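A.B. asks: Chains 8 and 1, in that order, are what the protein sequence lines are.
Under the authors' numbering, the first residue of the first sequence carries the number 27, and numbering increases by one thereafter.
Under the authors' numbering, the first residue of the second sequence carries the number 3, and numbering increases by one thereafter.
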Amino acid sequence: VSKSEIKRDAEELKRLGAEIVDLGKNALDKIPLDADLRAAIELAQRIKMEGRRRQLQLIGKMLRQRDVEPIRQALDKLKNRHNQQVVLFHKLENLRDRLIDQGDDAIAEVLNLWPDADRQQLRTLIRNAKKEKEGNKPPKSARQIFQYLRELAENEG
Amino acid sequence: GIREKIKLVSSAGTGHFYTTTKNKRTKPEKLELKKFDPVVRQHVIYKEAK
RNA sequence: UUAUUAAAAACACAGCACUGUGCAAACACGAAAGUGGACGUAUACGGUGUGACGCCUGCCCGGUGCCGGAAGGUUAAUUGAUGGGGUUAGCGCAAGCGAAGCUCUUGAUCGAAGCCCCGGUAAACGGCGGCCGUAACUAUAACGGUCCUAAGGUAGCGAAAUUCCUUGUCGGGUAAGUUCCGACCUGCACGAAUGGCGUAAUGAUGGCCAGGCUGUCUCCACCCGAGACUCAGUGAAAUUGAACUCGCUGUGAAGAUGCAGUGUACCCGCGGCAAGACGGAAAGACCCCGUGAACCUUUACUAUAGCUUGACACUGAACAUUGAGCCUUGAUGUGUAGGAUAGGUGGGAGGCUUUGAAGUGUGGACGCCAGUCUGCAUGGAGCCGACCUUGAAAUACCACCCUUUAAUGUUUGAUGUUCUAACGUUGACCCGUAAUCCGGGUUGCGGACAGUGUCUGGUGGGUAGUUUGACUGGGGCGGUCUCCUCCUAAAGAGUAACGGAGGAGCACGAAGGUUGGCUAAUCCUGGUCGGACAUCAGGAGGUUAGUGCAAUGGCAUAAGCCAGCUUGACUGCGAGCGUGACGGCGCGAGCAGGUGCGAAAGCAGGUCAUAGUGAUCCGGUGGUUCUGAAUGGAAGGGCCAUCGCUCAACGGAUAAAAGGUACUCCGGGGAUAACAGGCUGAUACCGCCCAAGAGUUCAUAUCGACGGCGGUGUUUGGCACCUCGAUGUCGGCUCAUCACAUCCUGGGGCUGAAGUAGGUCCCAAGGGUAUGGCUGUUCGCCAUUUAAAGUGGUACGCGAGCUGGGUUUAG
RNA sequence: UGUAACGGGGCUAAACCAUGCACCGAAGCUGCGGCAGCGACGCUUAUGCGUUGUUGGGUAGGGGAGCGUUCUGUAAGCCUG
RNA sequence: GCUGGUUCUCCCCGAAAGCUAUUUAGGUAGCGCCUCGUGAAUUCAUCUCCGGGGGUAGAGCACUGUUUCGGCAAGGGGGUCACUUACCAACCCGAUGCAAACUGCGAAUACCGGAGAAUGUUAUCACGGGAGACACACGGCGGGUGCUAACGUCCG
RNA sequence: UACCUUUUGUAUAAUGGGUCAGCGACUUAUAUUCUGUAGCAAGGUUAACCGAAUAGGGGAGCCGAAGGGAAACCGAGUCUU
RNA sequence: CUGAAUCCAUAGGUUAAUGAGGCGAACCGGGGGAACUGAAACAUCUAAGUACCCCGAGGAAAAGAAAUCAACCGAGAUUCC
RNA sequence: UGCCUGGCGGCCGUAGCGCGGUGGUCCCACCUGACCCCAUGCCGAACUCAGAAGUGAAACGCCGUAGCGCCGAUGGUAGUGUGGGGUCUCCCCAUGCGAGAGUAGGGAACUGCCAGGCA
Numbered sequence: 027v028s029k030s031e032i033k034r035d036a037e038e039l040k041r042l043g044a045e046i047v048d049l050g051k052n053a054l055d056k057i058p059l060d061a062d063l064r065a066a067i068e069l070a071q072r073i074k075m076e077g078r079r080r081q082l083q084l085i086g087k088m089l090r091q092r093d094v095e096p097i098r099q100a101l102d103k104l105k106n107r108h109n110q111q112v113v114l115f116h117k118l119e120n121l122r123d124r125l126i127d128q129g130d131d132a133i134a135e136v137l138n139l140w141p142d143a144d145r146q147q148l149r150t151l152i153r154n155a156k157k158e159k160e161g162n163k164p165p166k167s168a169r170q171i172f173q174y175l176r177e178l179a180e181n182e183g
Numbered sequence: 003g004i005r006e007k008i009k010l011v012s013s014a015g016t017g018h019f020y021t022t023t024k025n026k027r028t029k030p031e032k033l034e035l036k037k038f039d040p041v042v043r044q045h046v047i048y049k050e051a052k
């Protein structure tokens, strides 16, 4: 509706692209980014400062022509700034004590709602979780419980 | 924007390629097009249209 | 307290509250020593908020700040396993491959803080609002139904800060009170330590009233002294282009002593008043500009001081616990019906076993004792699987294996305990030494901690350097900058405006080329579901239809429509022309090669055309032995094609930048606003004409609807001209002047004028044309008189006459 | 502010309409004299004339040709109590 | 990148306040324009004739819009339990207008080129040196905006 | 109806000067382009330095007589194919 | 020559001989070190290791004898034009 | 070389549209027989065939018809270049160029080459 209205909208997308290049390689693969865009990211930091502007012009160019919300939404989870991400972790730890203290009454909800949960391994993990807590041993396996639930949270496959 | 720029490489062993644009969304099939190649001084097929 | 315009309601104040601080205290001054705090010790010191006293300080942890907790995700320095490249001893009669060493590069594992996350913290920063409908305007202002908020104002005090009409209107104060005082209400915002209510006393504090008092005033008069005046003596000043320096009308860079016309005026002093010389004193302080400067702000940029985490060194000796990878070593997987502690991916109706078995027992051991594995011999010849059921069928076996975990060896972390010999000691004691410095020695206490040095992660307007482009708009924000179409555009081309209409940042491998073929809108008749199209049979129309999209110009040889083949949307070019200052852009016959179409003549270097775009620098890829800082390579560089811009500020100042300054400054500008002055009459005021209608008959005796023509123009406005090296306001006092569109007096006309009293119009400017409360007032209201208490110009007169009440820089 | 809507006096034509003949009227033109630039022919050649016609307002600006002062060589020359 | 001043004389020539671009709009670079120097063709200007395309003035309503009058009128509205009405009217026809974004028509001038007699100090073009300027105002003509309101703005 | 500056536009009441006398402003250096002038000429010319000290020596070096391409390279020819 | 903590020895104290203390215009080396300005702004940079401050001696100072260059031929200190 | 027909051109309505008449030995258009040569997103109307039995119905050519379309004067008028003037939002004067529309009128085509048939 206004040429300058598009301008600030496009410029806002430009600084978003400048945030992707300023993000580490290990966390770069987390976002569902296409290979064509991904390949342009690695060349962006290794190019000289003036070429970064051209690369920033590149990154903005084919990022506007496609959908942006899933990329922005996925980036928000990694930054842990989207509201649904932090509450998801709240319920993820809310089912820990619901499961680590009983071990039988909490598995029903997980299997009924999530069909990719390996109940063969989950029961054994709770067996170790009960053993370490009862024997007042350091929680060397409690961390792995959260990783498995977190991994299955976003379709581990 | 929606269009994706593509490169057409000669089916022969030469590395000479041509530049063009095709909409992948509507035409995802690879092109079967032949065009003149100066290095071989003949007409050669071009493929691998992204 | 603002020396030298603000003495206050501002600051401070004892008190109150919160927070930080255990002594080598926090903090500050200082690269550090050291000092202050304090030679004090939580009843002490520092910081912050409020500010006697009395009643009290209600709700909310959402964001920021603070504390604690850490479960988890992200995260640098640090260390160097793979992968690739270069070089070559050699292997190759060569193309090539390639041992070791060295080198360059991607970078697995270790990696904390920090960020988030949780609970508190509001006498921390802060917040306490809506939408629908009810009364209550009861003695005190509190009740329902909802939002996406964490929460909707407790008491206190109401005329408050939005809200308006009849200054809000009643009463005091006054004859008359836009100020003052308690109150009606249609009022609830503030608002409870950025404190709320009341508060005696206090104050050169704001406003109002009353009593005595007076030249403050009607209305000034006289007198006493110092100037002002004359004489004698001494003797400045700012300013000054030159002057032999009049009034009036008009012109003129627009307010004329100097111009044009005309009138007046003997020459020259002195004492005065100040209307003018856009007077004098300052290169305005009011507005604009500068790719000017300086301060301030931040979730603007790049940085940093400082704070903080980790690694490395100072920095050590004895251990104990234990987290992580790696090598086999055997088990290990209880949702359910089910012989029953079923792991996923393929083969699978059999492998194994007298190189001695089903099934009975202990030992060790897994272990949710529900169950299972196993050395041993006893034992002396054997076990399954679709079986029906399970989502899924096997300890019938053969493998990649995942998780949990058992026991050695390897590597590296983390935690805890002991000690002293590093290091610290603003602990004691002794000496230099008749010394609260310092050093040396003993001992005690910590102790490889703290702290320090380099790098690194985080915080970091506390500090430093900058940016915030041009066009005009306003309480805060926005829009435009490139290209294309028609008109404006005045018949070559081109031609601007805040001139009127718009579109583009694509798309098409067919929607291009060739060849062949065909020609619609709209309407008539007929025709079935079927209607205003379904497709049509017959007809006037040869394009008013269509031409991917906005518009225009074209399109029948069709460029419009359909089908076959198709890549000429090709490579190197390209004489020549046009457009622009140029970069650039467009057309382009024709040549060489290889192609597609049709038989051939020929067409095809994209789309009917005009917008669909980006020059250079610097990056990726391929080729080029083009070059290769001793030789051969290599690295690197060059050339060509190629993808590489919201470089959109689109001829593209940085790869990297937002705002304010009434605390501002500097250099310029009437290159640019406001008030006034001369154009102007959109709106509105004044006059006249046209005259249907209402008017006892009777249009202009008196109005008069729908319209038109003129004039100051004092409201509401816009245009070029400026005094920014200065054009001082609003109002009041003194002073007045001019025109009459006359308020009175004067002379009349008409009258629906009996007289007085009246109403309208004409002539007439000689004179006169008010006193007080309110508010700074102009104006206006009110009180009370007369003949009235006139209308306008005087730059809406008058500060080189006064006033500073409004406007009023600095608090 | 003062006649102020012919510049004034003033004009019944000294206003207006149509014609004719004259005059005044600028630095315009012509006459005389003088200077300078510009081409060309003939006198002839470092060049001026019998000439020839023409040109000669001018800011920013450009081109050309000169005057004046100090000092140096000229200059132990010259003027000079 | 601003303001101010830039000092002796003579002669000759002598424009602009425009275009493009500019973190540019009071500055700057190229061009437009000026001066000097070199070279070059009847080079260029004036006029006559010839060969040219307009869509401007004007005019018109075939095409694109607006709109009036009269005639024929499909149909819409009500009533009568096929008829009618003091309601409205599509379309066509004849006439009348207007239009920058309409032209079945269409000038004068302007512009391009060729030929020619005469005149014009080559006044024409190419290159080189040096500039200045890029704030224009008014009047006439044809326009946009404004009320053809303006000592109004922007155009040729 | 003065001068200077500013501007389209000034005596303008837009700026500056009270007067006189003196002082006061496009210079200098190093490179680069063009013109005039002088020498030499397919050659021109020396720096530093020595020095009989502006002489002479000194040809170190620079420019040009051949250019084309980025370059290897080619050559009165050169780059693209 | 004396001389503690601590026996030896030290730290320290006294006496004696030698050199310096400060000033100075420029030059040298070193230790610190900006901005105005240019890029038409500005952060890389230039400005510039300049101005400025301090230290040491000098008449000069610094540097001075190759772990230097060059390229398969080769020069054999440093310094300056 | 005289008449008729057909093809390829000159010019593009004085070149056409409409109405009536005329033509089949010859030149033209419908109409017949349909294994094939040419190929479909759908048959031999309409484009490709091996045949002359019929007809000039439609079309085409020719002639007349001025109903329409079209061309088009002369004069007049609007407009305009140049210079001057006016009571200057617009006009006039001297001269030059000269509209559109309308009227009279014209107009039922002309022409080149070749082939065939009748004299």
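The beta-carbon is built from N, C-alpha and C at its ideal position, and this holds for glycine as well.
Given a cut-off of 7 Å, decide if residue 126 (chain 8) and residue 155 (chain 8) are closer than it, judged by their beta-carbon atoms.
C.D. replies: For residue 155 (chain 8) and residue 126 (chain 8), yes; Cβs fall inside 7 Å.
A.B. asks: Can at least three beta-carbon pairs, one atom from the stretch 138-148 of chain 8 and one from the stretch 87-96 of chain 8, be found at a separation below 8 Å?
C.D. replies: No, they do not touch.
A.B. asks: Residue 91 (chain 8) versus chain 1: which residues are under 8 Å apart at the beta carbon?
C.D. replies: What residue 91 (chain 8) touches in chain 1: 3, 4.
A.B. asks: Measuring alpha carbon to alpha carbon, tell me which residue in 111 (chain 8), 110 (chain 8), 135 (chain 8) is nearest residue 122 (chain 8).
C.D. replies: Residue 135 (chain 8) is the option with its Cα nearest to residue 122 (chain 8).
A.B. asks: May I have the straight-line CA-CA distance separating residue 32 (chain 1) from residue 10 (chain 1), to the nearest angstrom?
C.D. replies: Looking at the two C-alpha atoms, the distance is approximately 10 Å.
A.B. asks: Report the option in 24 (chain 1), 16 (chain 1), 23 (chain 1) whose CA atom is closest to the CA atom of residue 47 (chain 1).
C.D. replies: With distances taken between Cα atoms, residue 47 (chain 1) lies closest to 16 (chain 1).
A.B. asks: I need the straight-line Cα distance from residue 99 (chain 8) to residue 38 (chain 1), nearest angstrom please.
C.D. replies: Cα to Cα, the separation comes out at about 48 Å.
A.B. asks: Note down the Cα distance separating residue 49 (chain 1) from residue 14 (chain 1), rounded to an integer number of angstroms.
C.D. replies: Roughly 11 Å between the two C-alpha positions.
A.B. asks: From which residue to which residue does the beta strand (DSSP E) around residue 56 (chain 8) run?
C.D. replies: Residue 56 (chain 8) -> no beta strand (DSSP E), and no H or E assigned at all.
A.B. asks: Taking C-alpha atoms, which residue in 169 (chain 8), 51 (chain 8), 97 (chain 8) lies nearest to residue 118 (chain 8)?
C.D. replies: Taking only the C-alpha atoms, the option nearest residue 118 (chain 8) is 169 (chain 8).
A.B. asks: Using 8 Å as the Cβ pair cut-off and three pairs as the minimum, do the stretch 80-88 of chain 8 and the stretch 41-61 of chain 8 touch?
C.D. replies: Yes, since at least three Cβ pairs between the stretch 80-88 of chain 8 and the stretch 41-61 of chain 8 fall closer than 8 Å, the two stretches touch.
A.B. asks: Would you mind giving the Cβ-Cβ distance between residue 23 (chain 1) and residue 8 (chain 1), rounded to the nearest angstrom? I have them listed as a contact below 8 Å.
C.D. replies: Contact flag correct, Cβ pair sits at about 7 Å.
A.B. asks: Could you tell me how far apart the beta carbons of residue 86 (chain 8) and residue 36 (chain 8) are, in whole angstroms, since I believe they sit closer than 8 Å?
C.D. replies: About 7 Å; that satisfies the 8 Å criterion.
A.B. asks: Rounded to whole angstroms, what's the CA-CA distance from residue 61 (chain 8) to residue 140 (chain 8)? Just pull it up for me.
C.D. replies: Rounded to whole angstroms, residue 61 (chain 8) to residue 140 (chain 8) spans 29 Å at the Cα level.
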